[PDB]
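FYI, the numbering just counts along the sequence from 1. Order of appearance sets the numbers: ligands from 1, and atoms from 1 within every ligand.
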Amino acid sequence: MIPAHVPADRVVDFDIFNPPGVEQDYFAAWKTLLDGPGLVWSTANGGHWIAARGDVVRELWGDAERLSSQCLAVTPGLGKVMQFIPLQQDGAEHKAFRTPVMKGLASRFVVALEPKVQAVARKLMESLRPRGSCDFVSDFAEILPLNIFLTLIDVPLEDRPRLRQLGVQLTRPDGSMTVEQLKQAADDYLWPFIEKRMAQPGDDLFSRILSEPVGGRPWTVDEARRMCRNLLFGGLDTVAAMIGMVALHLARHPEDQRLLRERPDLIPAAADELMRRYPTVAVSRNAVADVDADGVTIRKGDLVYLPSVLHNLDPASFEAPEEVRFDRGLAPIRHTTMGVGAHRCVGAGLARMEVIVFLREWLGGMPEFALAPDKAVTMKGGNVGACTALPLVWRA
Ligand code: HEM
Ligand SMILES: C[C@@H](O)CC[C@@H](C)O
């Protein structure tokens, strides 16, 4: 049934977990909403708003005061279990915890990690090259972010195979494993690292965040658990999705493979343009004050779902948004791939470096590649949309 403050003409049944046609094209599936009202109420998933036009997505995402990050998701209970830091915090509390995390991920540290992260991408590329084909999502995209994670926290080289296998439960969620079991599995995986780095700080990512104060006092052990869980989960599916979309683009645009092999100096600019072009992250908020938007009122307690694709790819917000082009002069902060305002991805710098290093190694090390002739590209929806299969072929 429809709440009184929701006009009948704003009602849709859009399921954010499986948008119609999402398996063929995630972007086209979401863009169907640009043909309707800029703020719609879906009856699916318990009933919630969906921001459905660029200016609305952008405005509501940035309103951290009236639209709280506490809820995490439209699925009940998920946020209550995960308690991510800083992702789910508001206001002064959020600022106090974000501060040391952002310090940990600053550009100087990202730049210092570039050679190690490049070596990880190169090693993985070289393991696949002799085959002449791969299932890129399962053989590369879903493998790289966990390998990078182990590098970021500097695990001993000899523990990597064990730690890589332990990690597979978390990079590729299965079921029936409940949210509580997944939280517990993540914590148990992370605990030995945290214990070591809080006792004996090194110079890795965890050590550097955990040796900083929060609001002038030490991290508690539970806050460390919550923050570390956020760092692990925040960099896994998002990076896998983006790397897959970048590879899919190149496979479909042999002219861009040729361009970036001829002009490797265009890789950074191509990484920024591809990140703008293929956003797949959507977020939830819960209203803590009434919010007027697009001629309706989101009431306290209502949930709001915000798809970044409907800012970046809305022709009303950006000109010819589906063209990959180099004359936009657009700082990455001006689009919504990494979010907006107070909660904007702390890993934004690191993600850009990972995509650049991927392009350098894949293009530099691989011959010309293409989609397989008889297998399809499939995608999925949910909060982080992604390729589920990407079959590539090349002459080895
Ligand atoms: C392609 C890569 C990535 C994309 C597209 C992405 C996207 C996003 C977006 C949209 C947000 C804002 C969420 C919101 O407003 O509720 C965010 C926040 C965040 N991301 Fe990322 N991210 C990526 C990579 C990473 C990496 C590599 C890490 C860390 C290893 C990371 C960790 C975080 C954390 C901790 C937050 C919470 C920041 C806060 O609440 O203040 N992300 N990310
Ligand atoms: C929880 C989901 O909607 C967003 C998670 C990204 C921001 O890491």
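Hydrophobic clustering, with ILVMFWY side chains joined whenever heavy atoms are under 4.5 angstrom apart, groups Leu232 together with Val221.
Panel note: side chain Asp139, backbone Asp135; a donor-acceptor pair is recorded below 3.5 Å. No donor-acceptor distance shorter than 3.5 angstrom exists from the side chain of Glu319 to the backbone of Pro315, with no hydrogens or angles considered. One N or O on the side chain of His343 and one on the backbone of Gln89 form a donor-acceptor pair closer than 3.5 Å. When atom types are taken as modelled, the side chain of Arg299 and the backbone of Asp290 share no donor-acceptor pair closer than 3.5 angstrom.
No part of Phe149 comes within 4.0 Å of ligand 1, judged by heavy-atom distances.
Ring geometry for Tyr26 versus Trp30: interplanar angle of 30 to 60°, hence tilted. Aromatic ring pairs are classed by plane angle as parallel below 30°, tilted from 30° to 60° and perpendicular above 60°; the pair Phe206 and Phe193 is tilted.
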*Given side-chain hydrogen bond (donor to acceptor under 3.5 Å, both in side chains), test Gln257 with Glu368 step by step and report yes or no.*
CA-CA 7 Å; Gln257 287 179 230; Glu368 185 167 2; 5.0 Å; no
*Using the side-chain hydrogen bond (donor to acceptor under 3.5 Å, both in side chains) rule, take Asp292 and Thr297 through it: C-alpha gap first, then chi angles, then the decisive distance, then the call.*
CA-CA 4 Å; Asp292 285 2; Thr297 300; 2.7 Å; yes
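Every atom of ligand 1 is numbered from 1 in the order shown, and the set under 4.0 Å from a heavy atom of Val283 is 13 (C), 14 (C), 16 (O). Close approach of ligand 1 to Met242 is summarised as follows: ligand atoms under 4.0 Å from at least one heavy atom of the residue are 1 (C). Heavy-atom proximity to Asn230, at under 4.0 Å, picks out these atoms of ligand 1: 34 (C), 35 (C). Shown in contact with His94 at under 4.0 Å from a heavy atom are these atoms of ligand 1, numbered in order with element: 39 (C), 40 (O), 41 (O). Each of the atoms 10 (C), 14 (C), 15 (O) of ligand 1 lies under 4.0 Å from some heavy atom of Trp61.
For the pair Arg285 and ligand 1, the shortest N or O to N or O distance falls below 3.5 Å. Between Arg344 and ligand 1, no N or O atom pair is found at a separation short of 3.5 Å. Residue-to-ligand polar distances place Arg98 within reach of ligand 1: an N/O pair is separated by less than 3.5 Å.
Side-chain contact between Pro86 and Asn230 is present, with heavy atoms from C-beta onward closer than 4.5 Å. You'll find the side chain of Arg285 stays beyond 4.5 Å of the side chain of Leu303, heavy atoms only.
Residues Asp187 and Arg229 are paired through a salt bridge, judged by an N-O separation under 4.0 Å between the basic side chain and the carboxylate.
Checked against the 6.0 Å centroid criterion, the rings of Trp41 and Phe14 do not qualify as a close aromatic pair. Separation of the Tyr278 and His249 ring centroids falls under the 6.0 Å cut-off. For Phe84 and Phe97, the gap between ring centers reaches or exceeds 6.0 Å.
From the protein, the heavy atom lying nearest to atom 40 (O) of ligand 1 is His343 ND1, 2.7 Å. For atom 30 (C) of ligand 1, the nearest non-hydrogen atom of the protein is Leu231 O, 3.5 Å. In this structure, the protein non-hydrogen atom closest to atom 7 (C) of ligand 1 is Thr337 O, 3.8 Å.
Counting only protein atoms, the N, O or S atoms lying less than 2.8 Å from atom 21 (Fe) of ligand 1 are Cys345 SG, ordered by chain and residue number.
In this structure, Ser308 has no heavy atom closer than 4.0 Å to ligand 1. Contact between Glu354 and ligand 1 is present, with at least one heavy atom of the residue lying under 4.0 Å from the ligand.
More than 12 heavy atoms of other residues, nucleotides or ligands lie within 6.0 Å of CZ in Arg261, so this atom counts as buried by the packing criterion.
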Atom pairs, nitrogen or oxygen, ligand 2 to protein, under 3.5 angstrom:
residue: ligand 2; atom: 3 (O); partner: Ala282; partner atom: O; Å: 2.7

